[PDB]
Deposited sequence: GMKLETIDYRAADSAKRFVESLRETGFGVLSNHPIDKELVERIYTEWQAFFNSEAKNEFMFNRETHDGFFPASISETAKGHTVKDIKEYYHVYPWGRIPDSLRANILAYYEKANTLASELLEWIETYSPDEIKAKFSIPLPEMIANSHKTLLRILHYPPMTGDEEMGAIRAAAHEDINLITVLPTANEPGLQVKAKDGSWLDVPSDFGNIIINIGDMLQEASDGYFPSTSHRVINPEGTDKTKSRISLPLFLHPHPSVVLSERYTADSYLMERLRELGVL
């Protein structure tokens, strides 16, 4: 999986072709203020290390807020940020500044995808791809925190199980902790280059459907390669771009009916 220079004359073309083949695209030298991202990591790490985080227990109805690890206990805790949702006062400015900058970049990347789609694929998009996410109510910024392992606790081979994203596209800065991998056509796992300043973008199931399979939603995971430090906290900031529910993806589905169908496949009551 090759890292592409956002500044390069041919970057758009190579980026979308990366998406078409692998389902993923990696960009270095991107326009999102890198010092803003590190500021964000620091202050959210403080937040997760604080007792005050429990004041923001997620709302039962809408699932915006803080989700603690916990009987049974998961190995991550997280926070769901929505522009419309509950956000702590002292973290609001930065996180929404990032949210907006990430959306704007996503919107540009969606233009690129549409530009370099063949005419027979372009013709299947009910509206232009960037419009599908403009002021999307469902777009979610997930602040993920994996805490240090304490004492006896043993770290697994796999940190995040293999999976496909359901949404349109997902945007994630890396933090130079290798482990993210994507499924290749031949059953092997390709390592996503995760140097500082890279941003990783991937196709989710709804753009796969909108494109009639042309852009594939690829299974991906995060492993713990040999010599990963069990005592370090890992924070990550994935942004899941969702289309408006009423967007017609194909002759078979709208975004809303595609989601409901998934809910029935999973047997959710």
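Residues of the deposited sequence lacking C-alpha coordinates, counted from 1, fall in the stretches 1-3, 74-81.
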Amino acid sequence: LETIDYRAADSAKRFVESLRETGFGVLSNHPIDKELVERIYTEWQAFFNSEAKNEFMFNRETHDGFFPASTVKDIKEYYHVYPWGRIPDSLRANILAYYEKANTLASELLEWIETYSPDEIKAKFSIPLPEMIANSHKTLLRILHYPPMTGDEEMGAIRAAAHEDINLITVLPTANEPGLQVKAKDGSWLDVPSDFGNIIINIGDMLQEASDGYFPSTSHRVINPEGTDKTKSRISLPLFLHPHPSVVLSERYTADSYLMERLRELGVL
From here on, numbers count along this sequence of modelled residues.
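Two stretches are in play, 245-253 and 13-21, and the higher mean C-alpha B-factor belongs to 13-21. Higher mean CA temperature factor between 192-200 and 107-115: 192-200, per the PDB entry.
When the C-alpha B-factors of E131, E77, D165, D152 are ranked from the entry, the top spot goes to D152. Take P68, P238, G227, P216 and read off each C-alpha B-factor from the entry; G227 has the highest.
In this PDB entry, the Cα temperature factor of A157 sits in the top third of its chain's modelled residues, the highest group. Ranked by Cα temperature factor within the chain, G179 sits in the highest third according to the deposited record.
The entry lists a Cα temperature factor for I40 that places it in the middle third of the chain's modelled residues. Per the deposited record, the Cα B-factor of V268 falls in the lowest third when ranked against the other modelled residues of its chain.
Per-chain ranking of the deposited C-alpha B factor places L141 in the lowest third.
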